[PDB]
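Chemist: Got a structure here, written out as structure tokens. Questions coming.
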Amino acid sequence: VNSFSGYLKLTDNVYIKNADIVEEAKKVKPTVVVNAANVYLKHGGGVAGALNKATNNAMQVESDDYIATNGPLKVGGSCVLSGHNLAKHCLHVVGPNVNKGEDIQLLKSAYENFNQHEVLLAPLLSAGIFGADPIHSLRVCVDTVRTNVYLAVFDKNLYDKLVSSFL
Ligand SMILES: O=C1CC[C@@H](c2ccccc2)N1Nc1ncnc2[nH]cc(Br)c12
């Protein structure tokens, strides 16, 4: 038993809710919150900008040190950093950005990072301003992640549609 509440169960291991991941994190304080990152860990907008703002920019400060030491992530890759006031850890995961011209097949690789963590609070990767189809992304998530994932979808009409069309 865990502390996540109000989720629709999609499969044995995938759950979904119409909520702001930031508010879910503040309420639950999960072991792992997933950020929808870019390779530079520049948390300017979307989920990343919102999470970073909620940490009072501490996520960005930590991220800049990470990049200065290690260089950029790979598209499809991830790193584990602090969750600051929101979670124990933040798993920064880079899905492909179609608005940048990247290969959507890398979305499966991105979701594979979730399998290194028994339970996660996450957004849909590559959706929103990353330019991919959120229905697709949900399918890849369900078909790739085997650990317990709680998906927060902020856009209300998207949740509705994803709920009702999920095969
Ligand atoms: O609705 C959705 C679906 C796709 C995802 C997204 C991810 C990256 C960039 C744009 C959109 N997204 N957006 C949020 N999902 C959950 N929690 C949130 N908090 C603040 C935001 Br913006 C937000």
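Chain lettering (A, B, ...) mirrors the order of the structure tokens, residue numbering begins at 1 for each chain separately, and ligand numbering begins at 1 in order of display.
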Check every protein, DNA and RNA residue against ligand 1, keep those with an atom at most 7 Å away (counting only C-alpha atoms and all ligand atoms), and present them as a PyMOL selection string.

Modeler: chain A and resi 19-22+36+46-47+50+123-130+134+152-155

Chemist: Quick one: write out the picked residues with C-alpha atoms as a PDB file, in the first residue's frame?

Modeler:
ATOM      1  CA  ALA A  19      -3.412  16.506 -11.681  1.00  0.00           C
ATOM      2  CA  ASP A  20      -0.375  18.779 -11.554  1.00  0.00           C
ATOM      3  CA  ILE A  21       2.711  16.634 -10.902  1.00  0.00           C
ATOM      4  CA  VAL A  22       4.043  19.442  -8.686  1.00  0.00           C
ATOM      5  CA  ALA A  36      10.483  15.660 -18.454  1.00  0.00           C
ATOM      6  CA  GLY A  46       6.502  22.727 -19.021  1.00  0.00           C
ATOM      7  CA  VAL A  47       6.908  20.110 -16.317  1.00  0.00           C
ATOM      8  CA  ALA A  50       7.168  24.010 -13.025  1.00  0.00           C
ATOM      9  CA  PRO A 123       4.344  12.825 -16.482  1.00  0.00           C
ATOM     10  CA  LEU A 124       3.799  11.515 -19.965  1.00  0.00           C
ATOM     11  CA  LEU A 125       7.093  11.882 -21.776  1.00  0.00           C
ATOM     12  CA  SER A 126       7.436  13.810 -25.032  1.00  0.00           C
ATOM     13  CA  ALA A 127       3.874  15.206 -24.761  1.00  0.00           C
ATOM     14  CA  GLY A 128       2.938  18.865 -24.346  1.00  0.00           C
ATOM     15  CA  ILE A 129       5.600  21.233 -25.675  1.00  0.00           C
ATOM     16  CA  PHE A 130       7.760  18.243 -26.638  1.00  0.00           C
ATOM     17  CA  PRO A 134       0.067  11.973 -25.777  1.00  0.00           C
ATOM     18  CA  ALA A 152      -0.129  12.908 -13.506  1.00  0.00           C
ATOM     19  CA  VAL A 153      -1.717  14.559 -16.560  1.00  0.00           C
ATOM     20  CA  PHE A 154      -2.284  18.279 -15.984  1.00  0.00           C
ATOM     21  CA  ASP A 155      -4.453  19.012 -19.031  1.00  0.00           C
TER      22      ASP A 155
END

Chemist: Show me, as a PyMOL selection string, the residues that have an atom within 10 Å of residue 51 of chain A when counting only C-alpha atoms, minus same-chain residues fewer than 5 positions from it.

Modeler: chain A and resi 20-23+25+33-36+43-46+56-57+59-60+83-84+86+90

Chemist: Using backbone DSSP assignments, extract all strand (DSSP E or B) residues from segment 17-122 of chain A; output them as a list in words.

Modeler: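 Strand (DSSP E or B) members of segment 17-122 of chain A, listed: residues 17, 18, 32, 33, 34, 35, 36, 78, 79, 80, 81, 82, 89, 90, 91, 92, 93, 119, 120, 121 and 122 of chain A.
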
Chemist: Name the residues of segment 79-111 of chain A that come out as alpha helix (DSSP H) in a backbone DSSP run; write them as a PyMOL selection string.

Modeler: chain A and resi 106-111

Chemist: Next, dump the selected residues to file, keeping only C-alpha atoms, as a PDB file, in the first residue's frame.

Modeler:
ATOM      1  CA  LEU A 106      13.690   6.947 -28.573  1.00  0.00           C
ATOM      2  CA  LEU A 107      10.558   7.317 -26.426  1.00  0.00           C
ATOM      3  CA  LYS A 108      10.680   3.615 -25.526  1.00  0.00           C
ATOM      4  CA  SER A 109      14.296   4.002 -24.399  1.00  0.00           C
ATOM      5  CA  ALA A 110      13.254   7.002 -22.292  1.00  0.00           C
ATOM      6  CA  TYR A 111      10.528   5.026 -20.502  1.00  0.00           C
TER       7      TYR A 111
END
